[PDB]
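1. can't give you the sequence, but here's the structure:
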Ligand SMILES: CCCCCCCCCCC(CCCCCCCCCC)(CO[C@H]1O[C@@H](CO)[C@H](O[C@@H]2O[C@@H](CO)[C@H](O)[C@@H](O)[C@@H]2O)[C@@H](O)[C@@H]1O)CO[C@H]1O[C@@H](CO)[C@H](O[C@@H]2O[C@@H](CO)[C@H](O)[C@@H](O)[C@@H]2O)[C@@H](O)[C@H]1O
C-alpha cells in the first residue's frame, strides 16, 4: 500500500553518497568448504 | 538426561486439566467416578452417582507473571438411565489477548489475536454388566497457536480422534478389618489421522495416542471414612524416533528419520511395542506410572496425595501432588498443588489448580 | 501508554515510551518463567534479544509506580 519512493531509510531525504564496503562470493557448481567464505555444507540425499 | 523423547502433535492433550486428578498424581483411569472423568476414563460416567454434572477447571501458567495464559476445561455429563451416559468436554489452552502493532501511533486500530489450542469431545458410556462398562468418545482438536504475518499463514490445524475406554467397579467386599471395593480401568485414546500444522501431506505429526491401564482399591472404615489407593500405567502409542542410527554420516540419520516419518498411525500404534535396539527390559522404560492415595471424610472432605514418575530418558516429569476437595451442598471445590522432583523445570511448579463442579438431578444408587 | 514495536519480531524490537522520565526497568521472561533479559537504567528504545529461542515472551515495564505486562512473539 505504500508509494514507491527513492528514500529507503524513511528519513524523508534521498541520499546520493556512494561510500561503502564491497564483499563478493562466487557461485560455481563445485564449491567446497574453506574458500569463498564457505563455512559449512550440508548435503541432503532423500528429499520427499 | 532425556534420550530420544517421543514427539507428537498437540501435546496439550496430555496435560491434566482438573484439580482432582492433578492431586492424585495425574491419574484418573481407575479412581472413583467423577465429573472430570472424560480425559481419563469416560467409561465410569455410567457409574456416576449423580444424574447431571457440570464442571469448570482452571490451570494457570506463569501464575506470578501474567494471567490469561492457562488451560481451562468445561465438562458436562448426563446419565439418562441406570446403564448409559452422554458426556461432553471442552479443553482450551490459551495465552489471552496479544496486541500486534507496527507503528507508534497513539490512535491506531491494532489487531488483537489469541493463539490457542482446544479439543471438543463427546463420549457415550454404556454399562455392559452390572459392574463393567464401555465408552466410545469422538474428539476434535484444533490448534491456532501461530500468528498471521507476511510469509506465515496462521491457518488452524485440525484433526479427529476416537477413544475407547473400559471401567470395572466391583461390589463392596467385606474383609477382616474393613470392607473395601475394587476398581480397574483401561483407555486407548487419541486414535486418529496425523495433524499437519503446515497443511502439507509431506509434513505431519502423530496424534498423542495413549494407553492408560490402572487399578485401585478402597478401604472403607466405619462406612463414613474412605481411603482409596490407585495405580496407573501410561504408555504412548507413537513410534520412538531413531537415535544414533539403525540402517555417509548424516545420510544414515536422514534415512532413519525418513523411515520413521513415513509410518501410518494405525501401524504406528502396533510398532510402538518395540522398534528399538533394546529388549523388553528397555521396552519397560516407555511406561510411566502414578500412585495415589485419597482420603474421604463424610464424602465431603477429600485429602489426596499422589506421585507421578516418568522415565528419566523421556519427558523427565516426576513429582508429588497434594489436593483438597470440599462439597458444601451440591458444589464441589478442588484445589491441587505440585512439588516437582525432576531436573527439568516443570511449567506447573508453584501453580494451584482450581476445579469447581455442580451436581444436579436425581440420585442413582451405587452397586 | 506503553507501545511495543512489531509484536511478531525476530528478537529485535522497540519500545514506545511517550517522552517521560527515561529511566525505566525492562524485564523479559520466557514461557518457562525464567529470567532471560534484564535492563535497568534503560533509555535506548531498540531492544536486541534475538539470541532467545522462538516463542512467546512476557515483557514487564516498570516506570515509577506504573507496572505493565505485555506479550510479544519471537518468530
Ligand atoms: C448443556 C449444559 C447447559 C447448562 C446447564 C445449566 C443447568 C441450569 C439448571 C439449574 C440448576 C442446575 C445448576 C447449574 C448451575 C451451573 C452454572 C455454571 C456457571 C458457569 C460459570 C440450579 O439449581 C440449583 O441452583 C439454585 C440457584 O442458585 C436453585 O435455586 C433456584 O433455582 C431456580 C429453580 O430451579 C429458581 O428460578 C431460582 O429462583 C432459585 O434460586 C436451586 O433450584 C438448586 O439448588 C437445577 O437444575 C434443574 O433445572 C432444570 C432446568 O430446566 C434442569 O433441566 C435439565 O436441563 C438440561 C441440562 O442442561 C438437561 O439436558 C435436561 O435433561 C434437564 O431437564 C435440571 O437439571 C433441573 O435439575
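-> Thanks, I have it. Numbers count the residues shown, from 1 in each chain, chains lettered A, B, ... in the order given.
2. the one helix or strand residue B:137 maps to close to chain C?
-> Assignment of secondary structure by DSSP states H and E places residue B:137 within strand B:132-144. No. Strand B:132-144 lies out of reach of chain C by C-beta under 8 Å from any C-beta of the partner chain, never closer than 13.4 Å. (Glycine included, C-beta is placed from N, CA and C.)
3. for that strand, the distance to its chain's centre please.
-> Relative to its chain's centre, strand B:132-144 lies at 11 Å (C-alpha atoms, centre = their mean, to the nearest Å).
4. which strands or helices does that strand pack on?
-> Counting contacts by 3 or more C-beta pairs under 8 Å, 6 or more residues apart in numbering or on different chains; DSSP states H and E, strand B:132-144 is packed against strand B:116-126, strand B:157-169.
5. spell out which residues of chain C are next to chain B.
-> C:1, C:3-8, C:16, C:18, C:29, C:31-34, C:56, C:58, C:60, C:69-73, C:75.
6. out of those residues, which are inside strands?
-> Among the residues of chain C next to chain B, the members found in strands (DSSP state E) are C:8, C:29, C:56, C:58, C:60, C:69-73.
7. separate out the buried members of the residues you listed.
-> For those, a burial check counting by 16 or more other C-beta atoms under 10 Å in any protein chain shown picks out C:8, C:29, C:56, C:58, C:69-73.
8. buried residues, the strand holding residue B:137. List them.
-> Under the neighbour-count criterion of 16+ other C-beta under 10 Å, strand B:132-144 has B:132-135, B:137, B:139, B:141-144 buried.
9. over to stretch A:27-34?
-> For stretch A:27-34, burial by neighbour count (16+ other C-beta under 10 Å) applies to no residue.
10. what about that stretch, near chain B?
-> No. Stretch A:27-34 does not reach chain B (C-beta under 8 Å from any C-beta); its nearest approach is 14.5 Å.
11. other residues contacting that stretch?
-> Stretch A:27-34 has contacts (C-beta atoms under 8 Å, 6 or more residues apart in numbering or on different chains) with A:36, A:38-41.
12. between those, which is nearest residue B:211?
-> Closest approach between the contacts of stretch A:27-34 and residue B:211, by C-beta to C-beta: residue A:40, at 42.4 Å.
13. can you tell me the closest non-neighbouring residue to that closest one?
-> Excluding its sequence neighbours, the residue lying closest to residue A:40 (C-beta to C-beta, 6 or more residues apart in numbering or on different chains) is residue A:33, at 6.6 Å.
14. just checking, residue B:87 is part of a strand?
-> Yes. Residue B:87: assigned to a strand according to DSSP: H, G, I helix; E, B strand; the rest coil.
15. chain A against chain B: which residues are in contact?
-> A:42-46, A:48.
16. run a quick neighbour tally on the closest residue in space to residue C:50 that isn't next to it in sequence.
-> Leaving aside its chain neighbours, residue C:50 sits nearest to residue C:11 (2.7 Å; criterion: C-beta to C-beta, 6+ apart). Neighbour count of residue C:11, defined by other C-beta atoms under 10 Å in any protein chain shown: 16.
17. so what's residue C:11 up against?
-> Residue C:11 sits next to C:48-52, C:74 when contact means C-beta under 8 Å, 6+ apart.
18. buried set for stretch B:176-194?
-> Within stretch B:176-194, the residues that count as buried by 16+ other C-beta under 10 Å are B:180-192, B:194.
19. among the residues you listed, which two are most distant?
-> Pairwise distances across the buried residues of stretch B:176-194 (C-beta to C-beta) peak at 43.5 Å, for the pair B:180 and B:194.
20. count the neighbours of residue 1 for me.
-> In the absence of a named chain, chain A is used. Neighbour tally, residue A:1, other C-beta under 10 Å: 2.
21. not quite, I wanted chain B
-> 7.
22. any figure for the gap between it and residue B:344?
-> From residue B:1 across to residue B:344, the span is 8 Å (C-beta to C-beta, to the nearest Å).
23. list residues touching both of these two?
-> Residues touching both residue B:1 and residue B:344 by C-beta under 8 Å, 6+ apart: residue B:316.
24. among the contacts of stretch A:27-34, which ones are buried?
-> Among those, none is buried by neighbour count (16+ other C-beta under 10 Å).
25. would you reformat the residues you listed as CSV and include distance to the ligand and secondary structure?
-> Listed next are the contacts of stretch A:27-34 as CSV, based on distance: C-beta to the nearest ligand atom, whole Å; DSSP: H, G, I helix; E, B strand; the rest coil:
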residue, distance to the ligand, secondary structure
A:36, 65, coil
A:38, 62, coil
A:39, 58, coil
A:40, 56, coil
A:41, 59, coil
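26. tell me the two of the residues you listed that are most distant?
-> Counting by C-beta to C-beta, the most remote pair of those is A:36 and A:40, 12.4 Å apart.
27. on that earlier part again, distance check, the residue nearest to residue C:50 against residue B:332.
-> 46 Å.
28. compute the number of surrounding residues for the residue of chain A found nearest chain C.
-> Nearest to chain C, among the residues of chain A, is residue A:10, at 13.6 Å (C-beta to the nearest C-beta). Using other C-beta under 10 Å, the number of residues around residue A:10 comes to 8.
29. kindly check the end-to-end length of stretch C:40-48 for me.
-> This stretch, stretch C:40-48, spans 14 Å end to end (C-alpha to C-alpha, to the nearest Å).
30. apologies, that question was intended for stretch B:144-160.
-> Span of stretch B:144-160 from end to end, C-alpha to C-alpha: 15 Å.
31. that one: how far from the chain's middle?
-> With C-alpha atoms, centre = their mean as the basis, stretch B:144-160 stands 24 Å off its chain's centre.
32. cheers, nothing more for now.
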